[PDB]
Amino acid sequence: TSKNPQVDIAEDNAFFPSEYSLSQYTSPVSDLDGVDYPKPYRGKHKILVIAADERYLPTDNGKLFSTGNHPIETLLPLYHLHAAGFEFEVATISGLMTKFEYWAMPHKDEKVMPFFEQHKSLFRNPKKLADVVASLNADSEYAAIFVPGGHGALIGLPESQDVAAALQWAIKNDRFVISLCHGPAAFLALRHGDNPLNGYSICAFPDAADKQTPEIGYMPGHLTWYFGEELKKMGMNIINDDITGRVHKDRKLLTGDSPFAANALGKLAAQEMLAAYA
């Protein structure tokens, strides 16, 4: 199994992660489980998902990493939440369709795939974040904001005033905020302004790992910046410097360190949210 990045002919000088990377970090079936919720939430609040509308990430050598939102990271936690009784809505800054890292799609998962198929339109024809934000008030029916990981979360989200307003609303209004892997990079939207996440702790994909993955061809080059240290400059605490599939809780801020943490984050979020709404 080669460690060389693979060609994405759709774009100019763009690559998918190497075969080795894929054999070691993806699988045709997920580790989705523990989906037992006999007493589901019966209210109206939904999960607001802020997804990636861009697939290509430029690396330090000019090459583009063909990324986007991680399917395992996005789907598992929503599967648990949907099962727990929480439906979801999807939004992107531009309003353009969600861009997934399909090379990580568990195409043979007899549960995840049909769940994906039955909500495909929500991802394909998302709402424009700004439109959602304009209607926000203390009574808005969103029980939580979910920012899934995938390197696509590094594009736009970390510098969007819309994401900032959104996060500000959620925190100020005592709502849940869920994220994993690189999803917390969006929290950087709060720099230069009121930062209600100051002093919060989370786990996430460590910058240290991003400096190693290209060695195995997960990406065609190095990142041009690291969200970990920036978040630390923004007054946030990152508790891990490695990948173990762990999850963490700081009040209503629920996070995960990687796709290996997706199933666990689902359980944690479902458990925490059910208890709050019942």
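Residue indices: 1-based, along the sequence shown.
For the segment pair 129 to 137 and 90 to 98, the entry gives 129 to 137 the higher mean B-factor, averaged over Cα atoms.
For the pair 47 to 55 and 226 to 234, the mean B factor over Cα atoms is greater in 226 to 234.
In the PDB entry, a CA B factor belonging to the lowest third of its chain's modelled residues is recorded for residue 70. Ranked within its chain, residue 106 lands in the middle third, by CA B factor from the PDB record. Among all modelled residues in this chain, the alpha-carbon of residue 239 has a temperature factor (C-alpha) in the lowest third. Sort the modelled residues of the chain by CA B factor and residue 171 lands in the highest third. Per-chain ranking of the deposited C-alpha B factor places residue 27 in the highest third.
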